[PDB]
Number of protein chains: 4
Amino acid sequence: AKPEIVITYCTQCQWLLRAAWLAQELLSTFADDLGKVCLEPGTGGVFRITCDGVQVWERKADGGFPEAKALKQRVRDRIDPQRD
Amino acid sequence: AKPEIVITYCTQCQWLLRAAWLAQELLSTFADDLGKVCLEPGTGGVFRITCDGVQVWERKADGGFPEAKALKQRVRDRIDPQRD
Amino acid sequence: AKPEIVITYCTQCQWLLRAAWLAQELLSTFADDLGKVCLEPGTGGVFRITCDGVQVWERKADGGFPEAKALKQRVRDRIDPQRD
Amino acid sequence: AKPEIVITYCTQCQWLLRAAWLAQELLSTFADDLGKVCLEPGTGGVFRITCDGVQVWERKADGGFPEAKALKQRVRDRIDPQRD
């Protein structure tokens with residue numbers, strides 16, 4: 001089974017949009033290397049992204065929201081270390 | 001555990017777009033009743049949607065792709081039978 | 001100038017999602033042949049699509065909402081008659 | 001006519017996704033105050049956003065891509081100065 005990505009986003013905060021945008025950014029560049037990307041509704045300003053359980057991004061810790069390039073780089077390092 | 005929706009789409013067919021559109025259609029109308037909606041890359045003209053493992057749509061069987069309303073109705077019937 | 005596509009959608013009806021989905025479907029298959037695709041907030045059950053002013057789709061007339069292939073075919077015929 | 005937003009994006013760069021994402025971010029928070037948001041295919045690393053002709057963002061000048069909040073703030077200042 002291929003790596004699973006989970007994007008937990010605050011629904012009341014209207015973060016579905018950016019969450020689905022990032023999911024598509026990932027699914028289009030790692031179409032072959034990803035098992036599936038899940039969007040998980042959450043609450044309280046939550047915005048976290050995990051790869052096979054390992055946190056790859058969290059709003060507070062990383063200070064905001066990821067640029068597509070930065071997020072792809074972090075997923076690349078965990079899924080396919082060597083990949084330009 | 002809230003109901004999990006899985007959308008398996010053909011990547012080579014360029015169906016990511018419509019798959020992410022339907023995922024957002026679902027997440028915005030069932031934000032509180034859905035555990036998570038997953039997009040799962042597949043192949044060979046596949047386009048299937050499951051709710052807690054139960055098939056709610058399949059390209060061939062249902063003849064094409066779902067209208068948002070139709071898909072929401074099928075998910076409603078399984079997740080919240082009584083809901084206008 | 002290149003052909004301009006306008007998608008007028010009912011905002012209260014929550015049709016922004018499907019409107020943006022169709023806009024992307026069009027911009028990704030006709031990237032070189034389209035001047036620009038516009039999303040225009042409308043009211044009251046409105047869902048109309050025009051190509052250089054010529055109606056290419058409306059809800060009542062066409063009975064619902066377009067499948068991607070159908071809409072692309074209609075834009076094809078007006079923008080590049082001969083094209084698969 | 002209401003303010004028109006134009007998002008010029010580099011097609012070869014695969015920036016349609018992020019362009020459509022920002023368009024939706026804008027259309028959902030300014031549904032009533034915007035005439036229409038247009039996505040305009042471009043080239044050569046372009047990423048520009050204008051409001052009634054006035055540049056509200058440009059990749060090089062502003063150094064990268066806008067956060068939804070930042071972009072909404074800039075459109076707010078030009079379209080409805082006083083608004084939270």
For region D:49-84, how many residues are farther than 27 Å from C:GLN14 by Cα and either of a type in the set (A, V, I, L, M) or buried (at least 16 other Cβ atoms within 10 Å of the Cβ) (or both)? 5
Name the residue that is nearest to A:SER28 (Cα to Cα), counting only residues in region D:4-23 that are out of contact with any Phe, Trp or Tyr (no Cβ under 7 Å at 6 or more places or on another chain) and buried (at least 24 other Cβ atoms within 10 Å of the Cβ). D:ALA20
Flagged in region A:70-80 as more than 12 Å from chain D (Cβ to nearest Cβ) and either among the charged types (D, E, K, R) or in contact with a helix residue (DSSP H, G or I) (Cβ under 9 Å, 6 or more places away or on another chain) (or both), in numbering order, are A:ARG74, A:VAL75, A:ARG76, A:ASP77, A:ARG78, A:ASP80
Looking at A:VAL46, A:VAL37, which one is of a type outside the set (S, T, N, Q), surrounded by fewer than 20 Cβ atoms within 10 Å (Cβ to Cβ) and in contact with a strand residue (DSSP E or B) (Cβ under 9 Å, 6 or more places away or on another chain)? A:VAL46
Pairs please, first residue from region A:60-84 and over 15 Å from A:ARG48 (Cα atoms), second anywhere and exposed (fewer than 12 other Cβ atoms within 10 Å of the Cβ) and β-branched (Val, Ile, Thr), Cβ atoms under 7 Å, 6+ apart in sequence or on different chains. A:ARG78/A:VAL54
If you take the residues in region B:35-84 that are of a type in the set (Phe, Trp, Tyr) and out of contact with any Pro (no Cβ under 7 Å at 6 or more places or on another chain), which one is farthest from A:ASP33 (Cα to Cα)? B:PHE65
Hey, any hits in region B:54-61 for a residue that's more than 13 Å from the chain's Cα centre (by Cα) and in a loop (DSSP other than H, G, I, E, B)? no
Can you work out which of the residues in region B:1-50 that are hydroxyl-bearing (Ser, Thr, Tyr) and part of a helix (DSSP H, G or I) is nearest to the other protein chains (Cβ to nearest Cβ)? B:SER28
Looking only at region D:52-69, count every residue that is on the phi < 0 side of the Ramachandran plot, more than 10 Å from every other protein chain (Cβ to nearest Cβ) and out of contact with any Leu (no Cβ under 9 Å at 6 or more places or on another chain) and tell me the total. 7
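In this analysis, Cβ positions are derived from the backbone assuming ideal geometry, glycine residues included, and neighbour counts consider all displayed protein chains. A short reminder: the numbers here are calculations on the coordinates, not readings from a lab.
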